Amino acid sequence: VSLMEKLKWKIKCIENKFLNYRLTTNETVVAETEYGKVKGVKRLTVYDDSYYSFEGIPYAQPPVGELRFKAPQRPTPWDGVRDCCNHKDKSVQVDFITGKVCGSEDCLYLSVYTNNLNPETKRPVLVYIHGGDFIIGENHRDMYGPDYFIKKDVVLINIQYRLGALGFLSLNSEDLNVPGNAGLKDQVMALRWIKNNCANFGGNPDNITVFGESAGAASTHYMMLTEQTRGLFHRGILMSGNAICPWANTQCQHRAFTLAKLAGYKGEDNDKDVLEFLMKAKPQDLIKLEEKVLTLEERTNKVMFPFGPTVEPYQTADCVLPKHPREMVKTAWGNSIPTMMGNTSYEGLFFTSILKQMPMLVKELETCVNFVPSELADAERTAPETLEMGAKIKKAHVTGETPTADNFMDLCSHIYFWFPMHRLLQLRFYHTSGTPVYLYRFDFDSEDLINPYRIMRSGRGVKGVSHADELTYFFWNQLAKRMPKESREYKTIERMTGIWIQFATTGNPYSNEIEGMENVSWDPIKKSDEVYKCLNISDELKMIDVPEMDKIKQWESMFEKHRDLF
C-alpha cells in the first residue's frame with residue numbers, strides 16, 4: 001500500500017472515530033447472558049436507523065498463559081454488569097494497511113446487534129464469520145458495521161476467533177494437547193454461546209444462519225461439516241469460498257519448529273521442546289515472523305499460508321477436523337440444511353497488485369502446468385499427461401495469441417473459487433436428501449461506494465467486481481458514505497441484505513417484497529442439472545445460466561480419466 005493511501009487511511013480512521021461519537025446516543029440497556037449481565041448502547045446509522053450494540057461479549061476465557069494454543073475454555077461468570085459499549089481487541093495480526101502488528105491475544109469476543117431487544121416475535125439470527133485467510137480480520141464496526149442489516153427485524157452477531165499461528169499451530173505429540181484448529185474451535189464455542197444466549201436479545205435459537213466470505217466461507221463450511229456443531233444452526237451461506245478450496249487447509253505440523261527457530265529457538269526438533277519455547281515467546285514476534293515460515297519447497301508447491309485449518313493428527317474431545325474436509329462431506333450434518341453459495345463476477349481481480357509486482361507470473365500461462373490440481377499432476381509436472389491437463393486450462397483462459405494479466409486473473413477466479421464450488425456441489429449430491437442449495441452471482445460494479453479491501457488490492461479506478469467487493473452492500477465501513485435512496489448502490493444494499501434475510505428466515509432466498517425480484521424464479525440446483533442457474537445481481541436481478549459454466553466444465557474435463565479424484 002502506497003504512502004499516500006496510508007495517509008488517507010489514517011485520516012479516515014480519525015474522522016470515523018468522531019462520526020461514531022456523533023452516532024452514539026445516551027441510551028444504554030442491560031441484557032442477560034448465561035455468564036452474567038451485559039450493558040450495551042443504542043447507536044444511530046447515517047440513515048437514522050437505530051440499533052442496540054453489545055460488543056466485547058466474551059464467549060471463552062482469554063487464551064493466554066497456559067491456554068495459548070489450546071482449545072477455548074468456557075469463560076468465568078461475573079456478578080454485576082459487564083460494559084459492552086465499546087469494542088475489544090482484534091486477534092494478533094499484521095495490519096493490512098500499515099504493515100505493523102496489532103491486536104491482542106485477548107480477542108475471544110462476539111458482538112450482538114438488534115434494532116429492538118424486546119420484539120413481538122422471535123427473530124432470525126444471522127452470524128457472520130469474517131474472512132482474511134485465517135490471518136487477518138476482526139469484528140470491529142470500522143469494517144463490519146451492522147447498520148444495513150438492522151434496518152430489518154433480525155439479530156446480527158459478528159464473531160472473532162484466533163488467527164495465524166496463535167489460532168492454527170498443530171503438533172503431532174498427543175501429550176501436548178495442541179492438535180490444531182484452535183481458531184475453528186473458537187468458532188464452535190461462539191456458535192454454542194449463540195444457541196444458548198440469542199433469545200436474551202430477541203433471537204430465535206431455532207432459526208440461526210451462519211454466513212461468511214472468503215476464509216469466513218471456508219469457516220462457515222467447516223462449521224457445517226464438523227460433528228462438534230451438529231444441529232446448532234439451520235441455514236448456511238458460503239460467499240466466495242468453501243472448505244475444499246486449495247487455500248482452505250494445510251498440514252502444518254512440522255512448521256512449529258521452523259517458526260520457533262525464526263524466533264530464536266536453539267534446541268532440537270521435538271514437539272515438547274518446541275512448544276515450551278513457543279509458549280514463552282511474545283505473540284507479536286510469532287505473528288510478525290509467520291510470513292517467513294514457508295520453505296522454498298512449500299512456496300514452489302504453491303502453499304499459500306503456513307498456518308491454517310488442518311486435519312488433526314489425533315482425536316481430542318474438541319476435535320473439529322478429524323479427516324480431510326472432502327471425507328467429512330460424506331457424513332456432514334450440514335449437508336441437510338438449506339444452503340446458499342455464490343461468487344463475484346471477477347473474483348481474480350483481487351490479484352491485480354500481485355501481478356503488477358510480479359508481472360513474470362503471466363509466463364505460468366504458457367503451459368499452465370502449475371495450475372493442474374496436485375492430485376492429478378506428476379511430482380515434476382513434466383509428464384505428457386500433466387502437460388495435456390495444463391493445455392486444457394490454457395485453452396479455457398488464454399483467449400488471445402499471448403497470455404495476459406487478465407487471463408491470469410480469470411484463471412484465479414476458477415482455481416480458487418468456481419472450481420472448488422463445482423466440486424463441492426457434485427460431491428454433496430451423494431450425501432444429501434434433496435435439501436436445497438441456491439446459487440448467486442454478485443455482478444454489481446461501483447466505485448461510488450467501496451470497502452477497505454479495494455485499497456489492499458490497489459484497486460482505485462479498476463473496473464470489475466473483485467473478491468470481497470460485495471461486502472460493501474452488506475456492512476457499513478469507515479470508507480462508506482450515505483447514498484441517495486434512488487441510487488443504484490442504495491438499491492443494491494437493500495437487495496443484498498434483503499435476500500440474505502429472506503434466506504435466513506425461510507431457507508428460500510426468493511421474496512416478492514424485494515424490489516426487482518418479483519419476476520424471479522430461483523430454483524435450487526438439481527443433481528441432474530448440467531448447467532447451473534444462478535441469481536445474477538447487477539443493476540437488475542436476473543436468473544441466468546452461470547457464465548463461468550463452460551470454463552468449469554473445461555476444468556472438470558481434466559478428471560475424465562481420473563473420475564475417482566473429482
# chains A, B, ... in the order shown; residues from 1 in each chain; ligands from 1

$ residues_around --residues "segment 223-226 of chain A" --least-positions-apart "6" --cutoff "9 Å" --atoms "only C-alpha atoms" --output "VMD selection string"
chain A and resid 184 187 to 188 191 210 233 236 243 319 to 322 325 328 to 329 331 to 335 337

$ write_last_selection --atoms "N, CA, C and O atoms" --output "mmCIF file, in the first residue's frame"
data_model
loop_
_atom_site.group_PDB
_atom_site.id
_atom_site.type_symbol
_atom_site.label_atom_id
_atom_site.label_comp_id
_atom_site.auth_asym_id
_atom_site.auth_seq_id
_atom_site.Cartn_x
_atom_site.Cartn_y
_atom_site.Cartn_z
ATOM 1 N N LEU A 184 -10.775 -22.571 14.783
ATOM 2 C CA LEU A 184 -12.080 -23.150 14.446
ATOM 3 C C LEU A 184 -12.836 -23.555 15.706
ATOM 4 O O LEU A 184 -14.075 -23.473 15.749
ATOM 5 N N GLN A 187 -14.655 -20.706 16.979
ATOM 6 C CA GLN A 187 -15.918 -20.549 16.268
ATOM 7 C C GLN A 187 -16.988 -21.473 16.829
ATOM 8 O O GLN A 187 -18.141 -21.058 16.990
ATOM 9 N N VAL A 188 -16.634 -22.731 17.118
ATOM 10 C CA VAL A 188 -17.594 -23.667 17.706
ATOM 11 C C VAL A 188 -18.125 -23.126 19.026
ATOM 12 O O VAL A 188 -19.336 -23.140 19.281
ATOM 13 N N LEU A 191 -20.546 -20.355 18.463
ATOM 14 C CA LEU A 191 -21.849 -20.817 17.991
ATOM 15 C C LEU A 191 -22.664 -21.442 19.119
ATOM 16 O O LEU A 191 -23.892 -21.288 19.163
ATOM 17 N N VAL A 210 -25.612 -19.106 9.597
ATOM 18 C CA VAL A 210 -24.202 -18.749 9.642
ATOM 19 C C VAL A 210 -23.774 -18.399 8.226
ATOM 20 O O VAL A 210 -24.139 -19.102 7.268
ATOM 21 N N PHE A 233 -27.299 -24.876 14.048
ATOM 22 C CA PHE A 233 -27.855 -23.818 13.214
ATOM 23 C C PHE A 233 -28.575 -24.452 12.034
ATOM 24 O O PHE A 233 -28.576 -25.675 11.862
ATOM 25 N N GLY A 236 -26.948 -22.097 5.979
ATOM 26 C CA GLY A 236 -25.584 -21.627 5.788
ATOM 27 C C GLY A 236 -25.431 -20.926 4.454
ATOM 28 O O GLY A 236 -26.050 -21.313 3.459
ATOM 29 N N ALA A 243 -14.712 -25.230 2.254
ATOM 30 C CA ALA A 243 -13.643 -25.924 2.960
ATOM 31 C C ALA A 243 -12.808 -26.833 2.077
ATOM 32 O O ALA A 243 -11.782 -27.344 2.548
ATOM 33 N N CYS A 319 -12.019 -31.868 18.959
ATOM 34 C CA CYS A 319 -11.567 -32.031 17.577
ATOM 35 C C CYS A 319 -12.596 -31.516 16.583
ATOM 36 O O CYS A 319 -13.756 -31.936 16.611
ATOM 37 N N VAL A 320 -12.165 -30.654 15.668
ATOM 38 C CA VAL A 320 -13.057 -30.136 14.632
ATOM 39 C C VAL A 320 -12.910 -30.887 13.316
ATOM 40 O O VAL A 320 -13.915 -31.225 12.688
ATOM 41 N N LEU A 321 -11.673 -31.135 12.867
ATOM 42 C CA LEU A 321 -11.418 -31.771 11.569
ATOM 43 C C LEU A 321 -10.671 -33.080 11.776
ATOM 44 O O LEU A 321 -9.428 -33.110 11.797
ATOM 45 N N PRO A 322 -11.384 -34.200 11.921
ATOM 46 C CA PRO A 322 -10.708 -35.484 12.133
ATOM 47 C C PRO A 322 -10.233 -36.125 10.851
ATOM 48 O O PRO A 322 -9.437 -37.070 10.909
ATOM 49 N N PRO A 325 -11.553 -32.432 4.748
ATOM 50 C CA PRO A 325 -12.946 -31.998 4.526
ATOM 51 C C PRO A 325 -13.672 -32.741 3.416
ATOM 52 O O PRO A 325 -14.888 -32.912 3.517
ATOM 53 N N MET A 328 -15.044 -35.534 5.164
ATOM 54 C CA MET A 328 -16.080 -35.071 6.086
ATOM 55 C C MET A 328 -17.399 -34.802 5.391
ATOM 56 O O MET A 328 -18.460 -34.982 5.996
ATOM 57 N N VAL A 329 -17.367 -34.390 4.126
ATOM 58 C CA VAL A 329 -18.608 -34.158 3.388
ATOM 59 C C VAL A 329 -19.493 -35.409 3.396
ATOM 60 O O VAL A 329 -20.724 -35.316 3.401
ATOM 61 N N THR A 331 -20.359 -37.434 5.629
ATOM 62 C CA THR A 331 -21.160 -37.696 6.811
ATOM 63 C C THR A 331 -21.665 -36.410 7.464
ATOM 64 O O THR A 331 -22.123 -36.440 8.603
ATOM 65 N N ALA A 332 -21.607 -35.285 6.747
ATOM 66 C CA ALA A 332 -21.743 -33.975 7.372
ATOM 67 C C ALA A 332 -23.197 -33.609 7.642
ATOM 68 O O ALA A 332 -24.042 -33.657 6.736
ATOM 69 N N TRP A 333 -23.466 -33.179 8.877
ATOM 70 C CA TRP A 333 -24.818 -32.785 9.253
ATOM 71 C C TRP A 333 -25.309 -31.616 8.410
ATOM 72 O O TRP A 333 -26.498 -31.553 8.060
ATOM 73 N N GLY A 334 -24.406 -30.699 8.053
ATOM 74 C CA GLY A 334 -24.803 -29.505 7.340
ATOM 75 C C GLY A 334 -25.188 -29.733 5.899
ATOM 76 O O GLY A 334 -25.695 -28.805 5.261
ATOM 77 N N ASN A 335 -24.971 -30.937 5.364
ATOM 78 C CA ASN A 335 -25.492 -31.233 4.035
ATOM 79 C C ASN A 335 -27.006 -31.154 4.007
ATOM 80 O O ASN A 335 -27.593 -30.991 2.931
ATOM 81 N N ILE A 337 -29.043 -28.904 5.707
ATOM 82 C CA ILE A 337 -29.687 -27.617 5.967
ATOM 83 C C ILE A 337 -29.688 -26.795 4.687
ATOM 84 O O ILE A 337 -28.768 -26.914 3.862
#

$ residues_around --residues "residue 422 of chain A" --least-positions-apart "3" --cutoff "10 Å" --atoms "only C-alpha atoms" --output "JSON, numbers by chain"
{"A": [414, 417, 418, 419, 425, 426, 427, 428, 532, 549, 552, 553, 555, 556, 566]}

$ atom_distance --atom1 "atom CA of residue 87 of chain A" --atom2 "atom CA of residue 3 of chain A"
27.7 Å

$ closest_residue --among "A:200, A:435, A:343, A:258" --to "residue 239 of chain A" --atoms "only C-alpha atoms"
A:343

$ residues_around --residues "residue 492 of chain A" --least-positions-apart "2" --cutoff "10 Å" --atoms "only C-alpha atoms" --output "CSV table (one decimal) with C-alpha atoms, in the first residue's frame"
chain,number,residue,atom,x,y,z
A,444,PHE,CA,-22.7,-5.1,-9.4
A,470,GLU,CA,-19.9,-7.4,-2.3
A,472,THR,CA,-19.8,-3.1,0.7
A,473,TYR,CA,-23.5,-3.9,0.2
A,474,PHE,CA,-23.8,-5.9,3.5
A,487,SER,CA,-29.2,5.4,-6.2
A,488,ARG,CA,-28.1,2.1,-7.7
A,489,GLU,CA,-25.8,1.5,-4.7
A,490,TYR,CA,-28.6,2.0,-2.1
A,494,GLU,CA,-31.5,-3.3,0.1
A,495,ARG,CA,-31.4,-6.2,-2.3
A,496,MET,CA,-28.4,-8.0,-0.9
A,497,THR,CA,-29.3,-7.6,2.8
A,498,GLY,CA,-33.0,-8.4,1.9
A,515,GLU,CA,-37.6,-4.6,-5.4
A,537,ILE,CA,-27.2,-9.4,-9.1
A,538,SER,CA,-26.3,-6.4,-11.4
A,539,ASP,CA,-28.3,-3.3,-11.7
A,540,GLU,CA,-31.1,-5.8,-12.1
A,541,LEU,CA,-31.9,-9.2,-10.6

$ select_by_dssp --residues "segment 264-356 of chain A" --states "alpha helix (DSSP H)" --output "PyMOL selection string"
chain A and resi 271-280+283-289+296-300+325-328+352-356

$ closest_residue --among "A:384, A:146, A:464, A:452" --to "residue 97 of chain A" --atoms "only C-alpha atoms"
A:452

$ atom_distance --atom1 "atom CA of residue 107 of chain A" --atom2 "atom CA of residue 88 of chain A"
6.9 Å

$ closest_residue --among "A:149, A:141, A:124, A:7" --to "residue 49 of chain A" --atoms "only C-alpha atoms"
A:149

$ residues_around --residues "residue 247 of chain A" --least-positions-apart "3" --cutoff "8 Å" --atoms "only C-alpha atoms" --output "mmCIF file with N, CA, C and O atoms, in the first residue's frame"
data_model
loop_
_atom_site.group_PDB
_atom_site.id
_atom_site.type_symbol
_atom_site.label_atom_id
_atom_site.label_comp_id
_atom_site.auth_asym_id
_atom_site.auth_seq_id
_atom_site.Cartn_x
_atom_site.Cartn_y
_atom_site.Cartn_z
ATOM 1 N N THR A 250 -4.239 -26.934 5.344
ATOM 2 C CA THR A 250 -2.833 -27.251 5.129
ATOM 3 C C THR A 250 -2.369 -28.154 6.259
ATOM 4 O O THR A 250 -2.883 -28.064 7.370
ATOM 5 N N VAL A 303 1.927 -23.527 -1.663
ATOM 6 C CA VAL A 303 1.287 -23.434 -0.361
ATOM 7 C C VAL A 303 1.176 -21.953 -0.068
ATOM 8 O O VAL A 303 2.163 -21.221 -0.155
ATOM 9 N N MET A 304 -0.016 -21.489 0.287
ATOM 10 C CA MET A 304 -0.194 -20.050 0.401
ATOM 11 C C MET A 304 0.043 -19.520 1.813
ATOM 12 O O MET A 304 0.610 -18.437 1.964
ATOM 13 N N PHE A 305 -0.332 -20.269 2.848
ATOM 14 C CA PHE A 305 -0.166 -19.792 4.213
ATOM 15 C C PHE A 305 0.416 -20.897 5.077
ATOM 16 O O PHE A 305 0.034 -22.063 4.939
ATOM 17 N N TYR A 416 -9.455 -20.938 -7.489
ATOM 18 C CA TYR A 416 -9.666 -20.667 -6.074
ATOM 19 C C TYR A 416 -11.123 -20.607 -5.644
ATOM 20 O O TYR A 416 -11.380 -20.697 -4.438
#

$ atom_distance --atom1 "atom CA of residue 128 of chain A" --atom2 "atom CA of residue 445 of chain A"
23.2 Å

$ closest_residue --among "A:516, A:75, A:403, A:420" --to "residue 361 of chain A" --atoms "only C-alpha atoms"
A:403

$ residues_around --residues "residue 362 of chain A" --least-positions-apart "2" --cutoff "9 Å" --atoms "only C-alpha atoms" --output "list in words"
residues 355, 358, 359, 360, 364, 365, 366, 403, 404, 405, 407 and 408 of chain A

$ closest_residue --among "A:173, A:402, A:197, A:295" --to "residue 57 of chain A" --atoms "only C-alpha atoms"
A:197

$ residues_around --residues "residue 133 of chain A" --least-positions-apart "4" --cutoff "10 Å" --atoms "only C-alpha atoms" --output "list in words"
residues 137, 163, 164, 214, 215, 216, 218, 247, 248, 304, 305, 307 and 308 of chain A

$ write_last_selection --atoms "N, CA and C atoms" --output "mmCIF file, in the first residue's frame"
data_model
loop_
_atom_site.group_PDB
_atom_site.id
_atom_site.type_symbol
_atom_site.label_atom_id
_atom_site.label_comp_id
_atom_site.auth_asym_id
_atom_site.auth_seq_id
_atom_site.Cartn_x
_atom_site.Cartn_y
_atom_site.Cartn_z
ATOM 1 N N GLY A 137 -8.334 -9.948 10.158
ATOM 2 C CA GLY A 137 -9.757 -9.708 10.293
ATOM 3 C C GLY A 137 -10.162 -9.425 11.729
ATOM 4 N N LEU A 163 -6.349 -16.128 15.084
ATOM 5 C CA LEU A 163 -5.753 -16.096 13.756
ATOM 6 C C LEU A 163 -4.295 -16.546 13.774
ATOM 7 N N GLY A 164 -3.801 -16.923 12.597
ATOM 8 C CA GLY A 164 -2.383 -17.174 12.435
ATOM 9 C C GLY A 164 -1.897 -18.326 13.288
ATOM 10 N N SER A 214 -14.974 -15.545 1.932
ATOM 11 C CA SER A 214 -13.546 -15.910 1.815
ATOM 12 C C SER A 214 -13.195 -16.940 2.889
ATOM 13 N N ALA A 215 -12.172 -16.716 3.715
ATOM 14 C CA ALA A 215 -11.925 -17.658 4.800
ATOM 15 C C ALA A 215 -13.126 -17.789 5.731
ATOM 16 N N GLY A 216 -13.996 -16.782 5.781
ATOM 17 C CA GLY A 216 -15.217 -16.914 6.561
ATOM 18 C C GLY A 216 -16.221 -17.860 5.934
ATOM 19 N N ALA A 218 -15.101 -20.557 4.035
ATOM 20 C CA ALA A 218 -14.492 -21.822 4.420
ATOM 21 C C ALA A 218 -14.843 -22.169 5.857
ATOM 22 N N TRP A 247 -6.793 -23.399 -0.792
ATOM 23 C CA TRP A 247 -6.222 -22.484 0.177
ATOM 24 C C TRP A 247 -6.810 -22.648 1.569
ATOM 25 N N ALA A 248 -7.806 -23.516 1.747
ATOM 26 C CA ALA A 248 -8.582 -23.521 2.980
ATOM 27 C C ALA A 248 -8.034 -24.444 4.058
ATOM 28 N N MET A 304 -0.016 -21.489 0.287
ATOM 29 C CA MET A 304 -0.194 -20.050 0.401
ATOM 30 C C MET A 304 0.043 -19.520 1.813
ATOM 31 N N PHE A 305 -0.332 -20.269 2.848
ATOM 32 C CA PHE A 305 -0.166 -19.792 4.213
ATOM 33 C C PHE A 305 0.416 -20.897 5.077
ATOM 34 N N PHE A 307 0.144 -21.444 8.428
ATOM 35 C CA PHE A 307 -0.759 -21.929 9.463
ATOM 36 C C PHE A 307 -2.198 -21.683 9.043
ATOM 37 N N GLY A 308 -3.021 -22.706 9.184
ATOM 38 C CA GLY A 308 -4.425 -22.610 8.879
ATOM 39 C C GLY A 308 -5.101 -23.878 9.322
#

$ closest_residue --among "A:392, A:122, A:254, A:152" --to "residue 204 of chain A" --atoms "only C-alpha atoms"
A:122

$ select_by_dssp --residues "segment 214-406 of chain A" --states "strand (DSSP E or B)" --output "mmCIF file with N, CA, C and O atoms, in the first residue's frame"
data_model
loop_
_atom_site.group_PDB
_atom_site.id
_atom_site.type_symbol
_atom_site.label_atom_id
_atom_site.label_comp_id
_atom_site.auth_asym_id
_atom_site.auth_seq_id
_atom_site.Cartn_x
_atom_site.Cartn_y
_atom_site.Cartn_z
ATOM 1 N N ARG A 235 -29.332 -22.690 8.559
ATOM 2 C CA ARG A 235 -29.041 -22.336 7.179
ATOM 3 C C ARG A 235 -27.576 -21.935 7.141
ATOM 4 O O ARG A 235 -27.028 -21.469 8.146
ATOM 5 N N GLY A 236 -26.948 -22.097 5.979
ATOM 6 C CA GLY A 236 -25.584 -21.627 5.788
ATOM 7 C C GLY A 236 -25.431 -20.926 4.454
ATOM 8 O O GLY A 236 -26.050 -21.313 3.459
ATOM 9 N N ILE A 237 -24.574 -19.898 4.433
ATOM 10 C CA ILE A 237 -24.286 -19.145 3.211
ATOM 11 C C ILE A 237 -22.776 -19.077 3.036
ATOM 12 O O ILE A 237 -22.062 -18.525 3.894
ATOM 13 N N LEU A 238 -22.296 -19.607 1.917
ATOM 14 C CA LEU A 238 -20.872 -19.677 1.606
ATOM 15 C C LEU A 238 -20.564 -18.657 0.513
ATOM 16 O O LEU A 238 -20.888 -18.880 -0.661
ATOM 17 N N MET A 239 -19.909 -17.550 0.882
ATOM 18 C CA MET A 239 -19.711 -16.419 -0.026
ATOM 19 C C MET A 239 -18.238 -16.477 -0.468
ATOM 20 O O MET A 239 -17.329 -16.175 0.323
ATOM 21 N N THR A 339 -28.883 -24.227 1.986
ATOM 22 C CA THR A 339 -27.561 -23.663 1.746
ATOM 23 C C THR A 339 -27.619 -22.719 0.561
ATOM 24 O O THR A 339 -28.326 -22.985 -0.427
ATOM 25 N N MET A 340 -26.869 -21.624 0.643
ATOM 26 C CA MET A 340 -26.713 -20.750 -0.497
ATOM 27 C C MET A 340 -25.223 -20.529 -0.706
ATOM 28 O O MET A 340 -24.466 -20.416 0.265
ATOM 29 N N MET A 341 -24.793 -20.554 -1.966
ATOM 30 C CA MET A 341 -23.395 -20.373 -2.332
ATOM 31 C C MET A 341 -23.316 -19.387 -3.482
ATOM 32 O O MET A 341 -24.236 -19.297 -4.293
ATOM 33 N N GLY A 342 -22.196 -18.675 -3.582
ATOM 34 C CA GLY A 342 -22.019 -17.804 -4.727
ATOM 35 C C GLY A 342 -20.637 -17.189 -4.736
ATOM 36 O O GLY A 342 -19.809 -17.437 -3.853
ATOM 37 N N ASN A 343 -20.406 -16.387 -5.773
ATOM 38 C CA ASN A 343 -19.126 -15.739 -6.029
ATOM 39 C C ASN A 343 -19.405 -14.429 -6.742
ATOM 40 O O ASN A 343 -20.527 -14.180 -7.198
ATOM 41 N N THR A 344 -18.375 -13.590 -6.847
ATOM 42 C CA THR A 344 -18.474 -12.377 -7.646
ATOM 43 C C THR A 344 -18.147 -12.690 -9.104
ATOM 44 O O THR A 344 -17.686 -13.783 -9.441
#

$ closest_atom_pairs --of "segment 52-124 of chain A" --to "segment 44-47 of chain A" --cutoff "12 Å" --atoms "only C-alpha atoms" --output "CSV"
residue,atom,partner,partner_atom,distance
A:52,CA,A:44,CA,9.0
A:53,CA,A:44,CA,10.0
A:113,CA,A:44,CA,11.8
A:114,CA,A:44,CA,11.6
A:115,CA,A:44,CA,9.9

$ write_last_selection --atoms "C-alpha atoms" --output "PDB file, in the first residue's frame"
ATOM      1  CA  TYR A  52     -28.660  -1.702  20.323  1.00  0.00           C
ATOM      2  CA  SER A  53     -24.958  -2.566  20.301  1.00  0.00           C
ATOM      3  CA  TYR A 113     -26.769  -6.028  17.270  1.00  0.00           C
ATOM      4  CA  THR A 114     -30.528  -5.576  17.020  1.00  0.00           C
ATOM      5  CA  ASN A 115     -32.949  -2.711  16.479  1.00  0.00           C
TER       6      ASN A 115
END

$ residues_around --residues "residue 159 of chain A" --least-positions-apart "2" --cutoff "7 Å" --atoms "only C-alpha atoms" --output "list in words"
residues 109, 110, 111, 128, 129, 139, 157 and 161 of chain A
